[PDB]
12 protein chains.
Amino acid sequence: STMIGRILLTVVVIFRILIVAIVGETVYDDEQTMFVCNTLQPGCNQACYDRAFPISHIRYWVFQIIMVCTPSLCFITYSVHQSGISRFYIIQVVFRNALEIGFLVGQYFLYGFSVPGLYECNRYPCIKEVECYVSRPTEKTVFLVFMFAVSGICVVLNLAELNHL
Amino acid sequence: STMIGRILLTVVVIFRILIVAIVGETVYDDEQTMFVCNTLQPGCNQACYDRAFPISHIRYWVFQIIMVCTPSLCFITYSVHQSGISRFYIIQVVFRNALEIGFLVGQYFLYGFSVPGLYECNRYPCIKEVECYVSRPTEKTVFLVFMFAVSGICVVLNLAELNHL
Amino acid sequence: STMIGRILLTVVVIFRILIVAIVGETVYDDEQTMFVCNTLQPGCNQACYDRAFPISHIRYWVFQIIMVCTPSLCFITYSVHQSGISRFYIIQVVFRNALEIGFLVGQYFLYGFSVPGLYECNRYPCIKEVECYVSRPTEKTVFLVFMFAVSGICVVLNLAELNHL
Amino acid sequence: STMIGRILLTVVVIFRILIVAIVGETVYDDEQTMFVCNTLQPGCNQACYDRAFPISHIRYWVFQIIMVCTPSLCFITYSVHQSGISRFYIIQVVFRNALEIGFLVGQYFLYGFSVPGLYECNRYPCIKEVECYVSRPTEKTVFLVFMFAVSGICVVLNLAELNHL
Amino acid sequence: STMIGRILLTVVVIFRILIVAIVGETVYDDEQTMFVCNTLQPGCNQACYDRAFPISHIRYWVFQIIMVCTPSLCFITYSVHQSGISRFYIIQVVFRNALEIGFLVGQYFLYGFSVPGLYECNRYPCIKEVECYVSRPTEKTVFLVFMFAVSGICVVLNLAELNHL
Amino acid sequence: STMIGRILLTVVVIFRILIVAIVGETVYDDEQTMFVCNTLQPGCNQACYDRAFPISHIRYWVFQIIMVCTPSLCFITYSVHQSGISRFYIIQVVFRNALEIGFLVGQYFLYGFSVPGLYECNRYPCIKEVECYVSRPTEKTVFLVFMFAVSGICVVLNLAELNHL
Amino acid sequence: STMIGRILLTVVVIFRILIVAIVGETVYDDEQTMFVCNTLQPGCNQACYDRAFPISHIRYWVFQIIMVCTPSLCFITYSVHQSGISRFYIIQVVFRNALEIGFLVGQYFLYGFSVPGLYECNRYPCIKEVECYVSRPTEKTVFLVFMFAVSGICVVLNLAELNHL
Amino acid sequence: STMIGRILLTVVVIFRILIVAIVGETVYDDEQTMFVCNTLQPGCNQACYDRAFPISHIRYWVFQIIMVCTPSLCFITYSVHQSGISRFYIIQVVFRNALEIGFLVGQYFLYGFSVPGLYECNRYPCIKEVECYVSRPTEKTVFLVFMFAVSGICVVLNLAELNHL
Amino acid sequence: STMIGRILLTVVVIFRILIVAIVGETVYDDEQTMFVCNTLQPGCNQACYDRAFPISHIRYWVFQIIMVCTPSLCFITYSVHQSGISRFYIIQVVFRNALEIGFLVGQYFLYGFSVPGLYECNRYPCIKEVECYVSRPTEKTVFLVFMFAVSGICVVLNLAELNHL
Amino acid sequence: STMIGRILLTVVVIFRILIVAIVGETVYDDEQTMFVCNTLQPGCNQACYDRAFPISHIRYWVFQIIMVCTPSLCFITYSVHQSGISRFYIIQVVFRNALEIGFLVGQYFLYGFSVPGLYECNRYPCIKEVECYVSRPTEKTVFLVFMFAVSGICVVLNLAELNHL
Amino acid sequence: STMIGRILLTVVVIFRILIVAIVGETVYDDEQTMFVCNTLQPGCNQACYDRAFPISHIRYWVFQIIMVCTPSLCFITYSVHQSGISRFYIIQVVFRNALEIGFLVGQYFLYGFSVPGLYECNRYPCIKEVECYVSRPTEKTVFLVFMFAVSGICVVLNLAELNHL
Amino acid sequence: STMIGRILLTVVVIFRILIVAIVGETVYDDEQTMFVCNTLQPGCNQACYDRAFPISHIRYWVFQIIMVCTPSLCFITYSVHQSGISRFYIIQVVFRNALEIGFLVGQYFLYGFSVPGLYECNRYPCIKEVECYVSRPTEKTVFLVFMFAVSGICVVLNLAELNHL
């Protein structure tokens, strides 16, 4: 039971990296060029896009993916130099658990569970409130939900292993 | 008879991956930039494109291709770690069969067998119903039919092997 | 005489792959962005481009190139697994001959021997018949003729080897 | 205590290179195409963009990254040719410390800690003072702060090792 | 004297390939997007560009480069299979000489020694004669002259070796 | 003293190649698309850009970089074939010195030490003299100065070694 | 009682002529230039304006005003030539009554009592139904109501005189 | 019976002049500015408008009105100079009859009984046949019918008087 | 004292008519062509202009001027026909007083004392509230104040004469 | 026979004045606003219109009409002052004859008998020869022919009277 | 001396009325349509035109002309009714003098002696200060100076007559 | 001889007034709307039109026509009041002579004898010198020459009468 868990954790991690790396870079490519607002004021599109999308999803996901792989690299570099290992194993597991729980909570607090098609903006130089329109909201919602689903499994597995000890 | 079946399954899988990877990424590249509707309302093109094409074909095909290769990776990782194999062989065959039948059914239910050149849209902010025009419908229909044809062979072969036992 | 034939067949095949792969992808890149019709009707350009160019040359050539290399892969996979070979050799030669004759005939029936600079279109939403103008017709004609020339040699060589037995 | 310091220095350096190389090249790609000023004078956008952004962040960061890796290459080339090493070790550590402190100070003096959304320009051919609007200011501020944070750790670690001797 | 000739021939060939491959692909990239004619007739730009530039320089140079490397590949494939060599050596030298002289003559007859900045066009649908304007004529002239210079050396060297026997 | 000189020459050469190859290709990418003149005459932008920038900096630098590496390749090919070496060593050093001094002088005579923001043009079809505006002049000036600085070191080092004999 | 009736009839007639002649010609002047529809189809504005406004109000009112003054001119011309009068007086009164009742009924049946601000159009070449927007609807409604009010008095007065005999 | 005929002829003539002079000049004012064709060819609108409307209705009607009043002026000038009258009376009646019958026939042969909303044009520089759209067709049809009705009465009356003698 | 009052009343009336008739028709001529709103929605300008200016000032003033001259015309027509006068004099004075007081009150209730330069609009098809800008507000305010001043004198004079009896 | 000639001369003169004054001023009103040339050069339309139409028809006709009425005014002023008359009568007849023959000849030499729809222009700043398109050519041809016809009668009549003496 | 003064006063008054009435109405006709500012903000042109030209010159001059003719009308109406005259003569002279001095002073205080070609504007919605450009400044300056010159003579003459008593 | 001179002077004066009043007002109507310069600078057209045409021809001619009729009005007003005449006759003749000579000289000094089609402008905000293009230069030259011719006759006649005394 504990034998297969490692294999499936490795497979889930590789699957997530592959899915993010191969297709996700090209849904968001036209994010700002097809964002449009009903207005004649110069500079309103920039401010309203910036307020609607402060950090793009793909940047957050790349950062999370890179940051969740550091303890393994540290352990590998230590063992390579060696040529209390168990204490290092315990500590890196603890750190990975903490980092992944923090990242999941931050994702939930930053983005929620949906991307709406309309956005209402009231930032200078826009006069009062204006209405703007988003590109590809359904695909982005699907990607959001898929990533949340993938991220839950890793949390579950790491808690499993934490509790087996 | 059962000897050649494995060889042809491997060849079909590699053929499908190559066809999707090399040429398919560039028919759909201009999907939204050349989508146009007869209207003067800002934001209507975004809503009507989103309603006509919720998930693009190439994303669905990439996802399917990646998801149908996971049991092999699991078996390989297990055997590498080993350094009841037959039970694992049986189970992974069952899982692959199920996944490929599910994906074929989902393709049929999502897209059908044709891409029409006209689309009729009645989503806000569009006033009543408007007419929009699609890019490269014939090429996309050809690609659809080809992919359905390729996908049928794999189902047939996997049922063959399932029934030989 | 039969010794050099294999060497020249291999050289012709590699030459064709290289020519198609390195330069051909960039003559057709602007095929639709510089296609223009004399009209004020929205959606006429899409319909007329689709009727004038149902499948682009480069897609057909990539498909043909990929499909004419499958018997070799099958023979290689069989021999690798082995670790009646002559019957397989005979059959794969027959199949390659048939496939290449079919593809040459299909090319002739699909495209002919020239690409004209003007096209006359009468498809909805275009009113009656309209005149449209093509990009780079001379270069595309040169490419067509070159590909036909290259494809003839392979047919000749394969018939040669078929008849030597 | 001094054992782990080398491992963490190597990990921080690799992390910085990866973060800069993979995602940073694509936030700044549209820096000038979406920069716009409220004016009708030809040539004002060029002058005001040039005055607001004399050297782009990504160029400065690439230059710094490349320049902070030269002492290691020199030491490696020397040792490879060998086939007073300790004096070379001391000197290269001193040089790396100096270079990294200089680069951090220069970053602080060139850019500060924020990127504002508005810029006021009074350069010819602009008449008097004009107002211009920046793209993606929040993301660029986040990147600035992250890079400052990363750069502080290296300074601390190098001072640590300098003082251990 | 005959010893160094082979070394310099190899160096010239590699130099030509590198120069063509690394920089030449990006001077001609905007060839048609910045070609403009003084006219209001739709379709005149396409016809006049096609008449002014029937085959682009870079296509001709790529084709020539690929075609001048075939005899070496043939000799290599023969010798690999072997595991009258001198007759093959003689014949391939003769063929290479002929091909390179033909290609130099064709270059001279196709393009000449300069690219002018203005072009006068009288092709349908253009009314009578119109004036059009070319992009980057000086850089293209420099490239033309450089390529002619490079190509002369190879002819000289091959005639040298032909005459030494 | 002569031991370290070779190491530093190699490091400077590699540094120059890396700096030119990684970042320099993307400052000049938009050189002509953001070049604009105050005029209504068709074709004036092409002529004035061509007169202001006959050969772009990056082309000159790539050519120089490629041409300054040929003597090493010649020496390597000779020594590989060998399987009066000192005379070849002397001669290639002389040739490298000459080539690098020529290239530095040519750079100084072609470009000078600055790129101004305004340019005054009087070429047909422009009527009398017109004013045009350049993109990113400060960054291009910085690059110019940096390249001159890098190029001076190599001249100094090669004269050093020439005079040690 | 019958003495003042003639005086007030004359005053009402003159008042109506003056009101129509002096101000009414300039509310409707921009009727079609400021009529606009939400569409991109050429020719839709013409068809929809024609269907919304078949005959403009001012034309109908001018025609009515001219036609209601003919019996007086006939009586005057007869009496001038004279240089059974009572029978002519009776008959012309009858005819005037009939004409004015007919014109009031026709006005009611042609225009109603209001001019709406929106109009829904489904005439070729408009695709399906489109929405169009009218200029100055409130002023036109006020004019309509005023004219109906003025026209009622004349009917009442003429019936009065008819019944006094 | 013959007494009233003169009075009614005079009233009809004055009515026609007033109707044409006061309102008719302003329906046709925008005849060419709101005429539009579905095309991108310069000069097609001019040719198609000229072919659809060779002589405008209002010019024909003004000419007819002026030409039908000449015999009265001649008779008046003769009688004024006098300070065989019956022969002149007979002859001028004959001439007026002939002129009015000719003008009615010409109207019928020039314009018919309706103005359609669409017109199909095939005149140079228009390519093949194009579709154009007319302004205010219903109002112009109403005016046509009204003028025909008015013109019939005069013919009838003049034949009446001709036959009474 | 009562002698001059009639003279000054006549002079004030003529002055008002002249001022309104000669210059007032040309300040308001461009009222709608230079009215503009900050929006991209078709039809918003029409609705917002109609809501901001339901009846234009000049129409109201023309109507008032015409309506305040009817009692004099009635008295004149009566006296002309005569060829209880004092009762008619009394009654017409009463009626004129009432009409002028009503018109002054209505002016105050319709327009107030100023025309602002900005207007805030929230009528369909405008999304939420939009800002629009008026033409020539200061001149229109001056005209408003002048007309109120002129209208007060007539009220005062008529009350004077009413009270003298 | 000589009695009626004066009456008909007076009628023809008045007819010509009326025809020119009432309708001719409004065919030529849009002469330059709807004149268009196929070109992108600023200033070409002005030069080509000026070369095609140096003096407009209506100016020439107004000038001729005014100049042919001066002898009558002179005779009238003389006779009014009187309060050798026959010598003045003779001389003014001679002068009128001469002036009208001169004007007819000048008309023929200036304009000819037709107005073509196309005009070919080669005046600076137009590059080489360009094609331009005229407005309302058929109506202008009809007017030309009518005016020539009218002008012939006056010449005939004046020669008649000249020869009767 | 006092005899001619009245004649010249009458001639000057009539001259001023004629000059203002015949030509002055058509220099200012395009005052706002050719007023333009260097800005992209909607509504800035309206505010800046209103601030630069609060009341147009021609309105002020028409008002002054009308107001300076009232005392004569009053005297005429009094004398007509008569069918202490000297006291009325004295008083009306006094009033005319006062009115004309007031109007001249007001002209000087409102407009000055010149109309500049540039205007600097800082009114909302304009951002900071913007530059705008006036139409026909020299002609307007000439008109200003001429009107001041004309107005001085009347003041002088009226003071003359005032002092003769 | 002196008898006819007065008659011809009166006829010439009336002819000049008629020619200026009837046709001249409509050649210059589009003077600024069709004036265009080759430039992209806002405000350059206004400055260059103002510098090319400070006072329009028609204004100068109207002013001259009005000013040359004042002595007659003065003499008429004097003689009307009378109900030393010869001294007044002498003086007014002298004044008319002086005024007409002054006006002819001023015309020559202001305008010359031709209107060119091109104008070269160097006024702010135009950068350096720009080229502009005039409307209808030939017609304006014809008008200039005609007016000079007409004006010469009056000078000659007035000198004639001056010298007869």
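Residues numbered from 1 in each chain as written, not as in the entry; some residues may be left out. Chains lettered and ligands numbered in written order. Heavy atoms only, no water.

Method of determination, as annotated in the archive: cryo-EM, at 3.2 Å resolution.

Comments concerning the packing of helix α3 (residues 57-67) of chain J against helix α5 (residues 85-111) of chain J
Residues and elements named next belong to chain J. Rules: Fitted lines through C-alpha atoms serve as axes, helices being fitted only where they are in contact, and the angles separating the N-to-C directions of these axes extend from 0 to 180 degrees. Helix and strand definitions here come from DSSP, where helices need a minimum of 4 consecutive H or I residues and strands a minimum of 2 consecutive E residues; each element is numbered from the N-terminal end. Angle categories: roughly parallel below 35 degrees, roughly antiparallel above 145, roughly perpendicular from 65 to 115, and oblique for all the rest. Any two residues having at least one pair of non-hydrogen atoms within 4.5 Å are treated as being in contact.
For the pair α3 and α5, the least separation of the axes is 11 Å and the interaxial angle reads 175 degrees. Considering the angle they form, α3 stands roughly antiparallel to α5. The residues of α5 that touch α3, namely those facing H57, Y60, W61, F63, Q64 and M67, are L99, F103, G106, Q107, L110 and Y111.

Here's the deal with a negative patch on the surface
Condition: A patch consists of residues whose relative accessible area exceeds 30% and which take part in no salt bridge; residues with like charges are grouped when within 9 Å of each other, and nonpolar side chains (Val, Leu, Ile, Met, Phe, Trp, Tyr) when within 5 Å. Accessible surface is estimated by sampling points in the Shrake-Rupley manner with a 1.4 Å probe; for residues, cover comes only from the protein chains shown. We define a salt bridge as a side-chain nitrogen of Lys or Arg found within 4 Å of a carboxyl oxygen belonging to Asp or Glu. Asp and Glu are treated as the negative residues and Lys and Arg as the positive ones, with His and the ends of the chain left uncounted. Throughout, a charge is located at the NZ atom of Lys, the CZ atom of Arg, the CG atom of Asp or the CD atom of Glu.
There is a patch of like negative charges on the surface, built from A:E25, A:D29, B:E25, B:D29, C:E25, C:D29, D:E25, D:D29, E:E25, E:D29, F:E25 and F:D29. Residue placement: E:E25 occurs in the loop between α1 (2-22) and β1 (36-37).

Some thoughts on the UniProt feature "transmembrane region" in chain A
Short version of the rule: UniProt positions are given in the numbering used here, feature names are shortened, and annotations may be inferred rather than shown by experiment.
Under the local residue numbering, the UniProt record ascribes the feature "transmembrane region" to residues 2-24, 58-80, 88-110 and 143-165 of chain A. With 91% helix and 0% strand, the stretch residues 58-80 of chain A has end C-alpha atoms that lie 33 Å from each other.

What to know about the arrangement of the chains
As for chain G relative to chain E, no contact occurs, and the smallest C-alpha gap between them is 19 Å. The two units chain D and chain I remain apart, with a minimum C-alpha distance of 15 Å.

Focus: the packing of aromatic side chains
Definition in use: Stacked, edge-to-face and tilted are the three classes for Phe, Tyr and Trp ring pairs, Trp counted by its six-membered ring, which pair at centre distances within 6.5 Å; planes under 30 degrees apart are stacked, over 60 edge-to-face, the rest tilted. Accessible area is worked out with a 1.4 Å probe on protein chains only. A residue is then buried under 20% of its type maximum, exposed over 50%, and partly exposed in between.
Scanning the entire structure with this criterion turns up 180 aromatic pairs over all chains. Seen in terms of ring centroids, A:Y60 and A:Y111 are 5.7 Å apart; in terms of plane orientation they differ by 90 degrees. Their pairing is edge-to-face. Take A:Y60 and A:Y111: they sit in the same class, and that class is buried. On the numbers, 5.5 Å between centres and 50 degrees between planes, the contact of B:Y108 with B:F113 is tilted. Among the aromatic side chains, those forming a connected cluster through ring pairs are A:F15, A:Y28, A:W61, A:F143, A:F146, B:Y60, B:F63, B:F103 and B:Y111.

Quick notes on the relation of the copies chain A and chain B
Stated formally: A least-squares fit on the C-alpha atoms is what superposes the copies onto each other.
When chain A is fitted onto chain B, the two copies agree to an RMSD of 0.0 Å after a turn of 60 degrees and an axial shift of 0.0 Å. Interpreted geometrically, this transformation is the action of a six-fold axis. Considering only C-alpha atoms, the residue of chain A closest to the rotation axis is A:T33, which sits at 10 Å.

With respect to the relation of the copies chain E and chain J
Aligned on chain J, chain E shows an RMSD of 0.0 Å; the corresponding rotation is 180 degrees and the shift along the axis is 0.0 Å. The relationship between the two copies is best expressed as a two-fold rotation axis. In terms of proximity to the rotation axis, the leading residue of chain E is E:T39, whose C-alpha is 2.4 Å off the axis. When the interface residues of chain E are mapped onto chain J, 100% of them are again interface residues, pointing to one common binding face.

Things to note about the interface of chain E and chain J
Short version of the rule: Buried area: the accessible area, evaluated with a 1.4 Å probe, that two parts lose upon being put together, summed over both parts. Throughout this description, a polar contact denotes any pair of N or O atoms lying within 3.5 Å of each other; where both atoms belong to protein, one of them has to be capable of donating a hydrogen while the other can accept it, and for residues adjacent in sequence the pair is counted only when both atoms sit in side chains. Basically, the charged four are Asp, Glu, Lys and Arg, the nonpolar ten are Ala, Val, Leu, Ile, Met, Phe, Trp, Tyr, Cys and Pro, and anything else, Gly included, counts as polar.
The interface is formed by 11 residues belonging to chain E together with 11 residues belonging to chain J. Taken together, the two surfaces of chain E and chain J that pack against each other cover about 900 Å², and 47% of this comes from carbon and sulfur. It is E:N38, E:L40 and E:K128 in chain E that bury the most area against chain J; as a group they hold 54% of the surface buried on that side. Ionic pairing is found between J:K128 and E:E129, a salt bridge with its closest N-O pair at 3.4 Å. One can count four residue pairs in polar contact joining chain E with chain J. Ranked by the residues each element gives to the side of chain E that touches chain J, the list is headed by strand β3 (residues 130-133) of chain E, at three residues. The residue inventory of the side of chain E that touches chain J, partitioned by class, reads five nonpolar, three polar and three charged.

What to know about the pairing of strand β3 (residues 130-133) of chain H
Residue and element names in this part refer to chain H. Let me state the cut-off plainly: Here a strand pair is declared whenever DSSP counts at least two bridges between the two strands.
Of the two faces of β3, the one holding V130 and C132 and the one holding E131 and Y133 are both buried throughout. Judged from the two bridges that link them, strand β1 (residues 36-37) and β3 form a sheet pairing that is antiparallel. Within the sheet, the bridge partner assigned to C37 lies in β3 and is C132. Looking at chain direction, strand β2 (residues 118-121) and β3 are connected through four bridges and run antiparallel. Bridge pairing links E120 to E131 in β3.

Concerning the environment of C:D29
Residue and element names in this part refer to chain C. With respect to the helices and strands, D29 occurs in the loop between α1 (2-22) and β1 (36-37). According to the relative accessible area criterion, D29 is exposed, its value standing at 65%. Spatially, the C-alpha atom of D29 lies 9.9 Å from that of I58, the residues being 29 residues apart in sequence.

Re the sheet that holds strand β3 (residues 130-133) of chain F
Residue and element names in this part refer to chain F. Taken together, the three strands give an open sheet; going across it, the order is β1-β3-β2, and neighbouring strands pair in antiparallel fashion. The sheet is open, and its two borders are formed by β1 (36-37) and β2 (118-121), each paired with just one other strand. Against the sheet, helix α2 (residues 44-52) engages β1, β2 and β3, with an angle of about 115 degrees to β2.

Some remarks on unusual backbone geometry
With an omega of 10 degrees, the peptide bond running from C:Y124 to C:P125 counts as cis. For C:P125, the position within the fold is in the loop between β2 (118-121) and β3 (130-133). The phi dihedral of J:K128 is positive, around 40 degrees, even though this residue is not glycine. Mapped onto the fold, J:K128 is located in the loop between β2 (118-121) and β3 (130-133). The exposure class of J:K128 is partly exposed, given its relative accessible area of 31%. The backbone of K:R136 sits at a positive phi, close to 50 degrees, despite the residue not being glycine. In this fold, K:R136 is placed in the loop between β3 (130-133) and α6 (137-163). On the accessibility criterion, K:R136 (8% relative accessible area) is buried.

Details of the state of the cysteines
Residue and element names in this part refer to chain C. So the rule is basically this: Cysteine sulfur atoms are paired as a disulfide whenever they fall within 2.5 Å.
Summed over all chains, the structure comprises 36 disulfides over all chains. Across the disulfide, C44 is cross-linked to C126 (sulfur-sulfur distance 2.0 Å). Because the sign of the S-S torsion sets the handedness, a value of about 120 degrees for the bond joining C44 and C126 places this disulfide among the right-handed ones. Assigned by exposure class, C44 and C126 land together as buried. Among the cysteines of chain A that take part in disulfides, numbered as they appear in the sequence, the pairing is 1-6, 2-5, 3-4.

Some thoughts on the sheet that holds strand β1 (residues 36-37) of chain J
The three strands lie next to each other as β1-β3-β2 (chain J), forming an open sheet whose pairing is antiparallel. Lying at the two open borders of the sheet, with one neighbouring strand each, are β1 and β2 of chain J.

With respect to the interface of chain A and chain B
Each partner contributes residues to the interface: chain A has 25 residues there, and chain B has 22 residues. Taken together, chain A and chain B are joined by two salt bridges. Our enumeration of links across chain A and chain B arrives at five residue pairs in polar contact. For the side of chain A that touches chain B, the secondary structure elements donating two or more residues are α1 (2-22), β3 (130-133) and α6 (137-163) of chain A.

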